[PDB]
Each structure stands twice: as structure tokens, then as C-alpha cells.
Amino acid sequence: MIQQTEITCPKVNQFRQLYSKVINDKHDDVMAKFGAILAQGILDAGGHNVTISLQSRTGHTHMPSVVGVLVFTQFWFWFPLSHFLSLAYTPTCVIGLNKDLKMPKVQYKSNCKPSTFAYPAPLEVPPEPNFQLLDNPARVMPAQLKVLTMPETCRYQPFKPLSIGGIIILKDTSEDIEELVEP
Amino acid sequence: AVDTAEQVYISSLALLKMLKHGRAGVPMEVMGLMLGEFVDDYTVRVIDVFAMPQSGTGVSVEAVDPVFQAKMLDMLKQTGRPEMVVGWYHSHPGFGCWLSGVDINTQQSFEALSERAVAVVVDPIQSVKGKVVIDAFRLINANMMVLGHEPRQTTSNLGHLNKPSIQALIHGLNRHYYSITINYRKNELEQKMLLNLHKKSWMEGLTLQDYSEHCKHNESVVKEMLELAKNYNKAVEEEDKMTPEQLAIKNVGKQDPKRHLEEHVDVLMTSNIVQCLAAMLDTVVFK
Amino acid sequence: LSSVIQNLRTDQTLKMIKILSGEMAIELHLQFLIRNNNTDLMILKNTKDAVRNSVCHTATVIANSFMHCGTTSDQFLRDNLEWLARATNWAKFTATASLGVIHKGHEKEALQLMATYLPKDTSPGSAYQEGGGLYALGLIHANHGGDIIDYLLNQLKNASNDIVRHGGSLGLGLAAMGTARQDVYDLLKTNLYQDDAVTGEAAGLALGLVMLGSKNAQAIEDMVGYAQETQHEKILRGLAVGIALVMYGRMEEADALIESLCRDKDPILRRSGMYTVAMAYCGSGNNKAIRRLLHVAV
Amino acid sequence: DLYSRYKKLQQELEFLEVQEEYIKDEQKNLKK
Amino acid sequence: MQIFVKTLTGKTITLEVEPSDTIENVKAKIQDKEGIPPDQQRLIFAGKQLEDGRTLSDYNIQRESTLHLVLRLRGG
Ligand SMILES: [Zn+2]
């Protein structure tokens, strides 16, 4: 379960309370709760912005993501080896950079056959749309890469067909481009 | 400083000295010194173990003149190889394994004189069926009782190598001492030849079972499965024709299923198919 | 990529160099993570207060580093520094290691940030501070050569303690991961032949890192020629991964080596042959391999 | 869709001939 | 004079005693330098047991003499 919502599988909320049960119990082991506190950081890794995958964009396989996970399997013998899992963290961006600095804010939408999901809200408890416009540095779930749609009402259409999350360019055909901003 | 990844490396001929010296004096608590080597900070080996003479009773054990120890270690330098001592042992035949009153006093003397001095407890009258309850323990200082005692989790292999039972955690665990993990240093030209001499044979395969008692044994096997077949006839067919519950007292406390009637057939084949074929070779081989 | 950028130079020329080495691809990736952020503070507060005086500070500083990887935001090193300074002797090692995981990728900014913590001036009697420090610099500058390999190579020429020889070496092997530089290969050979029983896990991992997917004729023979006469077990577990990590996807060119380690009766070396046949077979439906793997599994 | 299915029927056949093998092999060692 | 108390643990303990001293003084010095009571110390000189009722000059113990420290061995 990584960057998944309730509509993907209902067992997510069953496990988050399963994690909180075994970490807020006193009559457990350190070894039992060590897997729970590690599962807190994996499930919310990178602020729901990265993901782990042994598979690349174009059918190829990643060398460091395999290296990053097999040395992570050696966490029995040396606890600082678990830092090496961060080599397998891969982004979920669709940033449409066309020139080496030109980052326009193109508002592209999606089309979901169900209602909204995809970036839930943090909880603190001590006529719906389906065409949600997103900017270019915006996250996207890897399971909704085919249900997005480029803005046909805008002239600005990309060169490569945006069907899978990664990096593309924008074929600019108009004049007087604007909207550059960098923090 | 202290780790939770220590493994004592006892040799095979060390442990055979331990059980033989422990079975020699059973009601009088034998007592000896453990000789090994500290190869690094937190792995310690022990290969050869000698013994000391005792004069103790069945609940405590004293020592002898200390002119015996230093004269022993002086003579072990010129023959074989020299080492410095790494601990000691005893036998606790009555109860299990925990460190008694004078056992913690001699532990404080050795960890101050020597470096760390792991102590080993042996029950000689427990290692009977197939398993041994030998364990090694190690004193912790009383000053560090507001912080970790065997702290600093480096690995995660320290949890399934030892699980202290209820009889262990009542005496000193874990506020007085702690336990330590034991593996066995097994290698070649010692282990393979250990089985190349114990469970071996030459003529045992090609030897008859001396039919004066072989076919006499098969009489008392056919007759008892005869009676189990008398028992089997009524049992299943009456149970199925009266009530089809696939359940109670014929399920909860029974013993006559189809597990009992073929294992007598299983014994009767292996005892005879081998015995038939063993008498076939010597007809060809021995003219 | 290092080959094709060499065959290219055999402006629009300078534009196509930078996109084939990768500088902006980290920057837009860094910009994507510094803009977007969804990390809940309350859960980490609900896990912090449920910790007694046990060893779980290492379990928490590995928890936040996973969820703040690339976020480049320090707030647990800012609100309760006294809570971080409670546990010791590897918790200080893991915490300064966790600081590099949070700053996952700067290539200049985290260097000058950790240029504050020099490896001779933080503390003379705390090697775990600089040990996890140099371990963290290798985590940040992963797969990006240049001065940083040579800058870490000169530090291991003048290392003080053997704890510092860990995080220097794991950082140096990670920064040269897949380069097969002869200079770092000579330093890690003679590091392995130091006959030290604590940097053997450090030398065994990083030697497979710099020789990743190389199939050397002599590295495999030297490492299995070293892991027979030794008498420690951490030296055997470090070289267990390193003889597996040297080969990656050869698909028939380790079948003598896979058979050579499984025929031996060293339990670590049998275990290491199972990792090597895993790494030589990636994404393949080799029916003979899974025949052989499950026969020795049972 | 007459050739893409035909290789998939082989891979389901070849995996299943492996999956019948080691479970049949495991039953020998599980008796031990 | 300076003596070399060669213990059985591979550690030589150097002491500053006088030829007119006894064994109880050496035991007290060892206890002050470490933490072993006098009743749990057995000094052996060339395979001979030293008694607390005599001095160092009775056993011909001169400057720089090899000793042997044996602790009280007792289990229960
Ligand atoms: Zn005892």
C-alpha cells in the first residue's frame, strides 16, 4: 500500500488502526512495535509524493532501486542499512518542462469514472466534479495515468502523448508566453 | 560498550568435557575453569576446557590449593598452545540455570581481575532425551540501572536466539545479570569424521535377521492387526449408518482411525522387503 | 551515459551535455518535493509519547527520514533536540545519518550545509558524529561523480578511527556506485586486507557497489579467496552481499559461480549464492533457476 | 488475438509444471 | 622496591612495597587499586603458598619478583 486511497482497497483504514493498536499497546515487544513504527514512515513516504518500483517508465528496470531494496532486506544484521531504501524512491510527477527554464502553469484536468480520490487530507481527531485542474509540478497516482486528459480547449498541446507519468515537453505554438515562478 | 550480538564460540570437544565432568560428580556440584580467547570486543571463543579438583557438598562447592592452577597453565604453554582464561563453569543438577549467592561473588572477582569472564551453567541430569539446557550468563553493573542494561540494538537476531522462561526471569534476570547467545563452531575434519566413526557399518546391510526370531516376530504382528481389523469392521460402518454428523465422541477422544491400521503394515513391509532382498544378494555374491 | 557523453565530445552543445549528465532533473525533482508536502505532525507526536525508556529513538529517526526523504525540512531536529540527545553510541550515528536522508539531493546546498560540521572539529571523542556524517554525504551525492569522490577519497587516506572508516567507505562506494574506478578499488582492497574485524561489513558492501554489474575476473576470486581463511562472521556477511552485488544480470555467466558457492558448505556462502542467483536473474522466467532455487529452499 | 494467447498458454503450462515439481519434492523432505 | 605481580589473566600489576612488609599489606594495596577483598587473594611465589603470618623476607622475595595471583574459587 503506497499512495493508495480508500477507494483502491478498503483494507487501508483496517491497517492504520492495526498499526495504532500495536504501537499504543504496552504489553507488546520492541521487535513487534519496530515493524509498526517502520510501517508509519513507508505508508506516508515523501509526503505522498514518491513511490517504490523496480520498473521504469519504458519497460526497462532500475539498477539502484533493486540495490536499494536488497540491502534493505539486510536490516536484520545492521540497522543503519535501512537508510539505503531511499534509493528506490521514485517521483510521481508529470512536469511538462519544454525549455531549460520555461515552466508554464498549464491547467490540465482528469476524468475519473468514480468520484475523487488521490491525495487524501490529514486527520486531527484527538454535484461533484471530476475534472480537477492541476498545475505542472503536481502529483498523480500511478494507477490514474491513463484516465487523465490533456486540455483540448487550450492550444498548448504536448509533443509526446501524455499517457504515463514522467517528464514531457510542451509544444508551444502561440506567442507571448508568460507565468514563470520559482521559489 | 556492551552489545547484544555476542556469540560464544564453544568447540565440540569443549562441550564433551562439560558433560563428562558434570556427570562424573552428580551429587556434589563439580566446578572448573573455562579457557579460551578474546579475538575482538564482542566475539569470544573457547576451545579447550580443563577441570579443577573439588571438595564441595551437594549444594555448594569449594576449591583446592591455588598452586595447582598456575602449575597447570604453565605446563599447557609448552604443549599444544597457551591462552588466558575467559570464564568458569559449574553444575546445577537440581534446579535449572541461575546464579546463586556465592556464584555472583566469584563473578565479581573474575570480571575485575580478568576482563569480562562469562560464566556457564550446566544441568547434567537434564540432558537426557535429545536436548541440552546448557546456557551462559554474564553479570551487568548496578550503576547503569537508569539507562539501558544490555542496550544499543545493532542487530535483530537477539530475539529468537533466546527466550527466557518463567523459571529464569525470577532470580536475576534481568536486573542482576543477562543471558548470552550460543552457537556451535562446526567445521570440517572434525564434524564429518565424528559421524564417520559413530553411526557407521560395514556388514550390517548384508546380514540376515536370523529367522529364529524374525518370522516369530511376524506372528505377533499379524495377530494384532487381525484384532484391529476386528475392531475396524463395526466401527466406521455403524458410525456412518446411524448418524451422519462427522463429529462427536468418535471425533474428540477416539483412537481407531485409518491412521493406526496401515502403520503395522508399514512396519511389516520394511522389516521384510529388506529382509527378502538381503537374502538375494548372497546367492549371487557368495557363489 | 558516461560512455555516450564521452563519444559526444569526440550553446546547443553545452545544452545537450547538461541533460545527459543530469543536473536539472534533480532540480525539478527537488522543486517538486519542496513545493508539494503532506506530512502529518500529529501521528509522529502520537508515536513519540508512546515510547518508554527503550531503544526506539533509532526507530523514530528512521521513521521520519522515510517520510521526509527529499522534503528537506528539519523540525524534529529543532523542537526537541534534548530528546534526540537521550540515546547514544549509535543513535547519534543514525540521527546524523537521518539528516542526509531528509536532504535527499542538493548536490551543492547540503554540502555547504554540512560544511559546518567538519570531520575534525565537531567532537574529538565522538567518532559516531563524523561517522554518520560522511555516511550521510554519500547518501546525498549518490551517482554523481566529480570532486566529491576525490574529496571523500582523500578523507579515507587520513581516517582516524575505524568507526569513521565505516561511514566514509559506505559513502564512497555509494558515490562511485557503478563506476569501477581503479583508484577507489585499490583503496577498498587494502581496506579489506587491513585484517580489521569491524570494517569488514563496511568494505564488503562498498566493494560490490563500485563493481556493480562489472563481472571482474579477479574481484570475485579475491573475495572468495579471502572469505575462507578468516575467523569472524561480520567479515563473512559483508562479503556475502559484495560477491552478489558485483554481478547484476548476466543470465548465464555466473552459472559456474552459482554452483561453486552452493556446493560449498559454508552457511553464509551458501546464503550468499542465493542472493547472487537472485541478482543475476531479474524479471526472468527462468524455469531452471526456479527449479534450482526451490530445491535448495526445502 | 490468436498468437498472443498461444505463448501465454505455454507460460501457464511451464510455471505449472514447475509448481507441481517442488511441492511434490517438498513432501519428501516434510516426511523427514 | 618494585615487584611484578604476574596474574593468571595476562596482566602484570606493579606495586611499590618494602621488604619488611607482609602479605596483608599487599592484599590491602591490591584491594585499594582494584576491588578484591583480602580473603579472596592467594599469592603464589614459585609454586609456594604465601601465609599472612610471615613477611616478604622469609620467602626470599627481593626486588622484581614474579608472583601469581589466584582468586577465591567457589560456586553454588
Ligand atoms: Zn552456580
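- Method information in the entry identifies cryo-EM as the source of the structure, with 3.5 Å recorded as the resolution.

A closer look at the coordination of the zinc ion
All names here are of chain B.
Here is step 1 of the chain: With distances of 2.1 to 2.3 Å, the protein atoms coordinating the zinc ion are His 90 (NE2), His 92 (NE2) and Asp 103 (OD).
Here is step 2 of the chain: Sequence positions of the donors to the zinc ion reduce to the motif H-x1-H-x10-D. The same class applies to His 90 as to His 92, namely buried.

A closer look at the sheet that holds strand β2 (residues 31-38) of chain B
Residues and elements named next belong to chain B.
Here is step 1 of the chain: Pairing is mixed around the closed barrel formed by seven strands, whose spatial order is β1-β3-β2-β4-β5-β6-β7. Strand-to-strand, the axes of this sheet are offset by a mean angle of 35°, without reference to chain direction.
Here is step 2 of the chain: Pairing between strand β1 (residues 7-10) and strand β3 (residues 43-46): four bridges, direction parallel. Bridge assignment links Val 8 to a residue of β3, and that residue is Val 44.

So, the side chain of B:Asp256
All names here are of chain B.
Here is step 1 of the chain: Inspection of the secondary structure puts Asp 256 in the loop between α5 (214-242) and α6 (263-285).
Here is step 2 of the chain: Despite its burial, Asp 256 pairs with no opposite charge; the closest candidate is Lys 250, at 8.0 Å N-O.
Here is step 3 of the chain: Within the structure, the side chain of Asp 256 is placed 3.3 Å from the side chain of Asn 231, a separation counted as a polar contact.
Here is step 4 of the chain: Other than its neighbours up to four places away in sequence, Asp 256 contacts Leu 228, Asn 231 and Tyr 232.

Observations regarding the environment of B:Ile134
All names here are of chain B.
Here is step 1 of the chain: Tracing the backbone shows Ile 134 in the loop between β5 (118-121) and β6 (135-139).
Here is step 2 of the chain: Measuring from C-alpha to C-alpha, the distance between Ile 134 and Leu 19 comes to 9.6 Å, with 115 residues separating the pair along the chain.
Here is step 3 of the chain: Contact partners of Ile 134, with chain neighbours within four places excluded, come to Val 120, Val 121, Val 122 and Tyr 184.

Quick notes on the interface of chain A and chain C
Here is step 1 of the chain: Between chain A and chain C, the residue contacts involve 56 residues of the former and 53 residues of the latter.
Here is step 2 of the chain: One can count one salt bridge joining chain A with chain C.
Here is step 3 of the chain: Ionic pairing is found between C:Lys15 and A:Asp100, a salt bridge with its closest N-O pair at 3.8 Å.
Here is step 4 of the chain: The interface formed by chain A and chain C holds 12 residue pairs in polar contact in total.
Here is step 5 of the chain: Listed by contribution, the elements that provide at least two residues to the side of chain A that touches chain C are α1 (11-23), α2 (30-43), α3 (63-70) and β2 (89-91) of chain A.
Here is step 6 of the chain: Classifying every residue of the side of chain A that touches chain C gives 36 nonpolar, 14 polar and six charged.

Things to note about the packing of α5(B) against α6(B)
To describe two helices that pack against each other, one gives the angle between their axes and the distance between the axes.
Residue and element names in this part refer to chain B.
Here is step 1 of the chain: Where α5 contacts α6, the two axes come as close as 10 Å, and the packing angle between them is 155°. Put simply, α5 runs roughly antiparallel to α6. For the pair α5 and α6, the crossing hand works out as left-handed. Contacts from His 214, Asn 218, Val 221, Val 222, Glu 224, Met 225 and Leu 228 in α5 reach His 264, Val 265, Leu 268, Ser 271, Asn 272 and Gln 275 in α6.
Here is step 2 of the chain: Class assignment of the residues belonging to the contact of α5 with α6 gives a composition of six nonpolar, six polar and one charged.

Here we look at the interface of chain D and chain C
Here is step 1 of the chain: Taken together, the nine residues of chain D in the interface contact six residues of chain C.
Here is step 2 of the chain: Summing the contributions of chain D and of chain C, the shared interface buries around 720 Å²; its carbon and sulfur component is 60%.
Here is step 3 of the chain: Its residues assigned to classes, the side of chain D that touches chain C shows three nonpolar, one polar and five charged.

Observations regarding the environment of B:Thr57
Here is step 1 of the chain: Here B:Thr57 is to be found in the loop between β3 and α2 (67-78).
Here is step 2 of the chain: Apart from the residues lying within four places of it in its own chain, the contact partners of B:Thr57 are B:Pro27, B:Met28 and B:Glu29.

As for a nonpolar patch on the surface
Here is step 1 of the chain: The grouping of B:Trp202, B:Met203, B:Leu206, B:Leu277, B:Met280, B:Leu281, B:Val284, B:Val285 and B:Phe286 at the surface amounts to a nonpolar patch, some 1000 Å² of accessible area in total.
Here is step 2 of the chain: Note on placement: B:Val285 falls in helix α6.

Overview of the packing of helix α17 (residues 234-245) of chain C against helix α19 (residues 267-279) of chain C
All names here are of chain C.
Here is step 1 of the chain: Interaxial distance between α17 and α19 falls to 8 Å at its minimum, and their mutual angle equals 25°. On the basis of their axis angle, the class for α17 and α19 is roughly parallel. In this structure, α17 crosses over α19, and the sense of that crossing is right-handed. Contacts from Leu 236, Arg 237, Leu 239, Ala 240, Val 241, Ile 243, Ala 244 and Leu 245 of α17 reach α19 at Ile 268, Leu 269, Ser 272, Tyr 275, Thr 276 and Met 279.
Here is step 2 of the chain: In the contact of α17 with α19, the residues fall into 11 nonpolar, two polar and one charged.

Conventions we followed
- All residue numbers start from 1 on each chain and follow the order of its written sequence rather than the entry's numbering, and residues without coordinates are excluded.
- Think of it this way: whatever chain is written first is A, whatever ligand is written first is 1, and the rest follow in order.
- Taken together, the chains in view make up part of a larger assembly, and the values describe this part alone.
- Heavy atoms from the whole structure form the basis of all side-chain values; hydrogens and water molecules are not counted.
- A 2.8 Å cut-off from the metal defines N, O and S donors, relaxed to 3.2 Å for Na, K and Ca; water is not in the atom list, so some sites may appear incomplete.
- Whether a residue is buried, partly exposed or exposed follows from its accessible area with a 1.4 Å probe, protein chains only, as a fraction of its type maximum: under 20%, in between, or over 50%, in that order.
- Pairing between strands requires that DSSP locate at least two bridges from one strand to the other.
- The helix count covers DSSP runs of H or I at least four residues long, the strand count covers runs of E at least two residues long, and both are numbered beginning at the N terminus.
- Fitted lines through C-alpha atoms give the axes, limited to the stretch in contact for helices. The angle between two N-to-C directions lies from 0 to 180 degrees.
- Counting rule applied: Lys, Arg positive; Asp, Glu negative; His and chain ends not counted.
- One speaks of a salt bridge when a side-chain nitrogen belonging to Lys or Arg is within 4 Å of a carboxyl oxygen belonging to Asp or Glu.
- Any pair of nitrogen or oxygen atoms within 3.5 Å is treated as a polar contact; in protein, a donor-acceptor pairing is required on top of that, and neighbouring residues in sequence qualify only through side-chain atoms on both sides.
- Pairs of residues are marked as contacts when any of their non-hydrogen atoms sit within 4.5 Å.
- We call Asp, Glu, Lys and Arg charged. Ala, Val, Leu, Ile, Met, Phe, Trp, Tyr, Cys and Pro are nonpolar, and the rest, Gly among them, are polar.
- Each angle is binned into one of four classes, with values under 35 degrees roughly parallel, values over 145 roughly antiparallel, values of 65 to 115 roughly perpendicular, and all other values oblique.
- Crossings are assigned a handedness: left-handed for a near helix turned anticlockwise from the far helix by less than a right angle, right-handed for a clockwise turn.
- Here the quantity called buried area is the total loss of accessible area, with a 1.4 Å probe, experienced by two parts when brought into contact, counted for both.
- To count toward a patch, a residue needs a relative accessible area above 30% and no salt bridge. Like charges then connect within 9 Å, nonpolar side chains (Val, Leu, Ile, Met, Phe, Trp, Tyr) within 5 Å.
- Each accessible area is a Shrake-Rupley estimate made with a 1.4 Å probe; only the visible protein chains count as cover when residues are assessed.

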